[PDB]
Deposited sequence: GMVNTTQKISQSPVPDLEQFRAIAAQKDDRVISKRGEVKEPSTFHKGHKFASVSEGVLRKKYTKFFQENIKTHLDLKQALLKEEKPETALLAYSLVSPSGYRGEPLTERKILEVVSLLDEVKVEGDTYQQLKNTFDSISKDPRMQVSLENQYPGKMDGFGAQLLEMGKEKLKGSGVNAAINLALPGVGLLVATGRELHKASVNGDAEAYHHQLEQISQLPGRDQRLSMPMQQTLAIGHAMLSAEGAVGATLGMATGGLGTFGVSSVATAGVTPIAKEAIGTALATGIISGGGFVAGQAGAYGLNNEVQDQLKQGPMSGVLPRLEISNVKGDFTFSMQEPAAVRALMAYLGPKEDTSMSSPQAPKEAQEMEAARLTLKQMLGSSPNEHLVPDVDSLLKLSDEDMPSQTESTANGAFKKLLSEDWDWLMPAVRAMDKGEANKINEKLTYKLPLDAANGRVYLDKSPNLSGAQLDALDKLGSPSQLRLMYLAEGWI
């Protein structure tokens, strides 16, 4: 039984996408098993043989990780952490140092308390069936599933007669149609150097009282630095989010929440207001499940069912557009103004933003104290628009940092 234990997987875990394989009791990079280099000539016989050879150890390595997890923890805890890599593992996809870092970080979280991530995973499992989420991924992933949503729109009851899911599908076809068109068709690497520094402020805002950290901070970290902050390198806890396991007519895909495109696809998919057709009790139970899971993540990021967020021109309500411009004014004029302003709005004291965010610089003077102050100088219309927003959703602030609104 030359199986590697969990410690040898933890040792190789790193924020890198290098393939590792389990072989002869240890897991590491395939080149490091031999002191020298090994060579082969490409040809039609060997590439099909080399691929089968790689496919077969990716699965063996995944199963050795699974076995190592099961030996160290209760099966319920070990299999919850392994679920992150199980569907991709079965397809011969390679186990990498980052996946192991994810799995091990996730295991350290569900060890103490697994209900939180189990809620997230069930929610992520439901939205993985949603065509709206799936076409949203197509927008951020050109090449992976081109034309899925478009050629999906040319369907009806004859093509898709079903009251298990195909009734849920048809109810989302309008939302699919709106969601394919909107955006840059790829969106964009919308960063100015400051968009990295903007998401740093959203991190602090995520840690404000009453605001979600479990979902928002990993998403914000990925958009800022390219990946989340994992445990082994409420609260952010492990920083691991579930996978988007997409099965459709285009194929079988797995999308990591550590990829920026996947975060952006989820972001756009959470924007629009509640689709009451799918939320209807009369609606198919599947459609009820997808929309309820979408509003769950949407609400987690502070976005109410009423909130409608779409990438536009850089549609929003008159008070929304003035509020978004007030947020942009704070972001471009100072580095530490957005968080205290969002805090003031969270307390219903948006009218006090100008005086609260004021910097007082005392000069040398006589007969009292003379100061030099800098204030955001938000207009009365802007303060009112901010006050009309109540608690600004983390999703809206995330839209702003990306330059979407």
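What's missing from the model if you number the deposited sequence from 1? Counting from residue 1, the stretches without coordinates are 1-11, 245-312, 394-402.
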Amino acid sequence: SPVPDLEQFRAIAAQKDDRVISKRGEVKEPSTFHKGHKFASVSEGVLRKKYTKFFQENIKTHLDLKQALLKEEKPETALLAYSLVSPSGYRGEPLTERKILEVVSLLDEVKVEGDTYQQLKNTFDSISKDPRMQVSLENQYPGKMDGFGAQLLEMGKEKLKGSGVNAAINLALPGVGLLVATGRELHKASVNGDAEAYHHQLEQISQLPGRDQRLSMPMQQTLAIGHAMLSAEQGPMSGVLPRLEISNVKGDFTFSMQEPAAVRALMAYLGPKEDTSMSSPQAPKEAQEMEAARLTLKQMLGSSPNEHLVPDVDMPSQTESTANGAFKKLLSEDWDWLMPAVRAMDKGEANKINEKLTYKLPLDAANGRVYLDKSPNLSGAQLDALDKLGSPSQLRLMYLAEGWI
From here on, numbers count along this sequence of modelled residues.
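88-96 versus 175-183: which one carries the higher mean Cα B factor per the record? Here the higher of the two C-alpha B-factor means belongs to 175-183.
Between the two ranges 274-282 and 217-225, the one averaging a larger CA B factor in the entry: For C-alpha atoms only, the mean B-factor is higher in 274-282.
Looking at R343, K60, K35, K28, which has the biggest Cα B factor in the entry? Result of the comparison over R343, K60, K35, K28: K35.
Which is it among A365, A68, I353, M339: the one with the largest CA B-factor in the entry? It is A365.
Could you say whether, by C-alpha temperature factor, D334 belongs to the lowest, middle or highest third of its chain? As the PDB entry reports it, the C-alpha B-factor of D334 lands in the lowest third of its chain.
Third assignment of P75 from its chain's C-alpha B-factors: Its C-alpha B-factor belongs to the middle third of this chain's values.
Based on the entry's values, in what third of the chain does the Cα temperature factor of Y141 lie: lowest, middle or highest? According to the entry, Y141 has a C-alpha B-factor in the chain's highest third.
Please rank the C-alpha B-factors of the chain's modelled residues and tell me whether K161 sits in the lowest, middle or highest third. Top third by C-alpha B-factor.
Sort the modelled residues of this chain by their C-alpha B factor and say whether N192 lands in the lowest, middle or highest third. Highest third, going by the recorded CA B-factors of the chain.
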